[PDB]
Amino acid sequence: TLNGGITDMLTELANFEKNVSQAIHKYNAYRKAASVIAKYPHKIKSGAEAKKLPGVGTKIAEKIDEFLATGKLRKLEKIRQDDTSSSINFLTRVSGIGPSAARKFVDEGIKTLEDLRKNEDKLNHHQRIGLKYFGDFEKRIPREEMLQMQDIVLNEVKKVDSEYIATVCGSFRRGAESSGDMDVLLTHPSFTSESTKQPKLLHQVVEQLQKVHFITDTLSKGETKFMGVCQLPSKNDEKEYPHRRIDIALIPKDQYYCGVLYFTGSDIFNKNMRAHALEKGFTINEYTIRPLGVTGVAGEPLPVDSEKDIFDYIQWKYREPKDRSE
DNA sequence: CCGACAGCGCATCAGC
DNA sequence: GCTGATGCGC
DNA sequence: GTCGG
Ligand SMILES: O=c1ccn([C@H]2C[C@H](O)[C@@H](COP(=O)(O)NP(=O)(O)OP(=O)(O)O)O2)c(=O)[nH]1
Ligand SMILES: [Cl-]
Ligand SMILES: [Cl-]
Ligand SMILES: [Cl-]
Ligand SMILES: [Cl-]
Ligand SMILES: [Cl-]
Ligand SMILES: [Cl-]
Ligand SMILES: [Mg+2]
Ligand SMILES: [Mg+2]
Ligand code: NA
Ligand code: NA
């Protein structure tokens, strides 16, 4: 956190541009600058020094000079004071309320937690659950709880079919000491890129986790993605654990390595890595790495037997999950 | 200058 | 119902 | 907002 003040500022600006301005490219630019600065091993002394880093331009360099000189940014100071911006930024903290819905709600004069709660009938299913657990979803998950959660998920999945493999990915796999949620990658030999020899593969797992009262709510559910809510069981006379977000992704077993690379992240590491692939003439998604033709049309999937294979194609030295937290 | 910015799953909606 | 566009989030 | 060509 050598540059915590600056990265915080950039993140606030990123959030402003996404939530309020609905300028998604400015949002991404700011997050990229924060990320490159976050890993810079020196306490930044000036915007010029930061402008050396890729992704920090002239505008951000000026902002860093203001911030360094004064400890603040007038631009942010004004935004913080704007009722409409504040209201929109707030509402978007509810899972399922994005920039669009937030602005629509404010138009109707629904702009506090209190307002949302009194107008529950104006929320879609996802939004209702996000409101229900608003506080809980703000809390981080200690790694020690993540371990307990992993134990349950892995054991309950084994109980459904001993041929499942469940892997906890996301920030947990990168070694983080706390996570925002739990991400679980699921494979079964019946489901490959070549055929789906068993239906309800994801449904079955979700059902068992609900049966044992681990999964408590559902935000979305399809054949390959589940997004919902879970909770650890508490002991006698113990205060309950907060409800947690859980995401599960069922990937073709033969495409496990691209899948685990994707779900391990970080999001910015993936954006960086995918961008580089493109420069090298490949395209990477959660399923495959394929060459791009002279026309730009993705060719056939290249053979992948490890995460490192993927790195090798794009001429990157291998990076352990712990070193992918960008 | 200016195009491109990673790539995709599920919920919801319009239009037919 | 379908297909396609948009919102939201991974 | 930043960058490569
Ligand atoms: O925009 C995204 C978001 C997520 N992902 C990926 C990478 C990421 O690590 C993974 C899990 O998504 P999360 O939102 O759960 N982020 P993560 O687990 O890395 O951190 P945390 O959950 O602790 O906030 O899916 C993307 O590829 N693009
Ligand atoms: Cl933009
Ligand atoms: Cl500030
Ligand atoms: Cl502004
Ligand atoms: Cl695991
Ligand atoms: Cl693919
Ligand atoms: Cl690691
Ligand atoms: Mg996560
Ligand atoms: Mg997640
Ligand atoms: Na730069
Ligand atoms: Na939200």
Side-chain angles (χ1 to χ4, degrees), chain A residues 9-11 13-14 16-19 21-37 47 50-64 75 91-105 123-130 137 169-172 179-186 202-203 206 218-229 245-251 255 258-280 282-290 292 296 298 310 314 326:
Chain A
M9 169 192 58
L10 296 172
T11 297
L13 289 169
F16 172 78
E17 298 292 351
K18 186 196 180 207
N19 300 331
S21 292
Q22 303 188 240
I24 197 66
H25 303 289
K26 287 192 179 187
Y27 155 77
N28 292 305
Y30 279 123
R31 287 219 296 158
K32 178 175 179 179
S35 178
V36 73
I37 284 163
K51 185 172 179 313
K52 290 185 180 299
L53 301 172
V56 178
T58 316
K59 305 296 288 294
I60 291 178
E62 301 170 0
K63 284 173 172 62
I64 291 173
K75 180 186 167 78
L91 288 178
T92 62
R93 292 161 62 190
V94 185
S95 187
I97 307 183
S100 194
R103 180 174 293 274
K104 173 112 188 294
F105 283 137
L123 308 178
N124 64 29
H125 179 73
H126 187 139
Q127 292 163 346
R128 289 167 108 92
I129 300 298
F137 292 171
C169 301
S171 60
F172 174 87
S179 297
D181 70 359
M182 166 164 281
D183 305 298
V184 182
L185 179 60
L186 189 63
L202 183 52
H203 180 79
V206 166
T218 295
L219 299 173
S220 73
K221 181 165 174 296
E223 298 199 26
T224 71
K225 185 171 85 161
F226 172 86
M227 184 165 328
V229 186
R245 280 271 295 106
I246 180 159
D247 293 326
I248 307 173
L250 168 69
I251 298 285
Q255 291 170 336
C258 283
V260 74
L261 166 74
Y262 157 78
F263 226 21
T264 293
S266 69
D267 59 341
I268 304 181
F269 171 85
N270 287 351
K271 291 185 53 154
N272 287 348
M273 184 173 179
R274 289 169 178 201
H276 183 66
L278 289 178
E279 295 167 4
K280 290 289 178 177
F282 303 79
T283 175
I284 305 170
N285 63 15
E286 57 259 69
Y287 309 117
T288 60
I289 177 174
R290 298 171 287 178
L292 288 177
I310 309 171
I314 63 179
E326 280 157 16

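Each chain gets a letter, A, B and so on, in the order its sequence line appears, and its residues count up from 1. For the numbers below, each heavy atom of this structure counts, side chains included, while hydrogens, waters and symmetry mates do not.
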query = So, do A:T224 and A:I251 sit near enough that their side-chain heavy atoms are less than 4.5 Å apart?
reply = no
Hits for side-chain hydrogen bond (donor to acceptor under 3.5 Å, both in side chains) against A:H25, two or more places apart or cross-chain, chain-then-number order -> none
Main-chain N/O of A:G96 paired with A:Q127 side-chain donor or acceptor, under 3.5 Å | yes
dist A:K280:NZ -> A:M273:CE (nearest 0.5 Å) comes out at 12.5 Å
How would you label the contact of A:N285 with the nucleic acid (heavy atoms, under 4.0 Å): base, sugar-phosphate, or nothing? sugar-phosphate
Quick one: which protein N/O atoms are closer than 3.5 Å to N/O atoms of nucleotides 3-5 of chain D? Pair and distance per line, please.
residue, atom, partner, partner atom, Å
D:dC3, OP1, A:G55, N, 2.7

Rounded to the nearest 0.5 angstrom, the CD1-CE distance for A:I248 and A:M227 is 10.5 Å
The reported gap from CZ in A:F172 to OG1 in A:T264 (rounded to nearest 0.5 angstrom) is 11.0 Å
Under a 5.0 Å cut-off between side-chain heavy atoms and groove-defining base atoms, A:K225 reaches the minor
Q.
Using only atom types and a distance under 3.5 Å, with no angle test, would you say the side chain of A:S171 pairs donor to acceptor with the backbone of A:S179?
A. no
- Query: Has A:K59 got more than 12 heavy atoms of other residues, nucleotides or ligands less than 6.0 Å from its NZ?
  - Reply: no
query = Is the B:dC10-B:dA11 step stacked (ring centres under 5.5 angstrom, plane angle under 30°)?
reply = yes
Nearest-nucleotide check on DNA chain B, A:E223 vs A:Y262; residue mapping nearer the 5' end is A:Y262
Contacts of A:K271 meeting side-chain hydrogen bond (donor to acceptor under 3.5 Å, both in side chains) (sequence neighbours excluded), chain-then-number -> A:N28
Within residues 267-278 of chain A, the residues having a heavy atom closer than 4.0 Å to DNA chain B are A:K271, A:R274, A:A275, A:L278
Span of DNA chain B engaged by chain A, first through last nucleotide within the 4.0 Å heavy-atom cut-off, is B:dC5 to B:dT12
DNA chain C: first to last nucleotide in contact with chain A (atom under 4.0 angstrom from a heavy atom), 5' to 3', is C:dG7 to C:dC10
Using a 4.0 Å heavy-atom cut-off across all strands, classify A:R245 as base, sugar-phosphate, or nothing. sugar-phosphate
Review point. What does A:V94 touch in the nucleic acid at a heavy-atom separation under 4.0 angstrom: a base, only the sugar-phosphate, or nothing?
Key: sugar-phosphate
Q.
Heavy atoms only, 4.0 Å cut-off, all strands: where does A:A249 land among base, sugar-phosphate and nothing?
A. nothing
pair_partner(B:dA6), Watson-Crick or wobble, both distances < 3.5 Å, evaluates to none
Expected label for D:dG1, using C1'-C2'-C3'-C4' where a positive value gives north and a negative one south, is south
Counting C-beta onward and ignoring hydrogens, is there a side-chain heavy-atom pair between A:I129 and A:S95 closer than 4.5 Å? no
Do A:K63 and A:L10 have side-chain heavy atoms sitting under 4.5 Å apart? no
inquiry  = Could you check whether any side-chain N or O of A:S266 sits under 3.5 Å from a backbone N or O of A:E326, counting only pairs where one atom can act as donor and the other as acceptor?
reply    = yes
Interatomic distance, CD1@A:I24 vs CD@A:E17, rounded to 0.5 Å, equals 10.5 Å
When A:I284 and A:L202 are each assigned the nearest nucleotide of DNA chain B, the 5'-most assignment goes to A:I284
Requested in this report: Return yes if some donor-acceptor pair links the side-chain N/O of A:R245 with the main-chain N/O of A:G228 below 3.5 Å, else return no.
Outcome: yes
Checklist line | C1' atoms of B:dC8 and D:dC3, separation to the nearest Å | finding: 25 Å
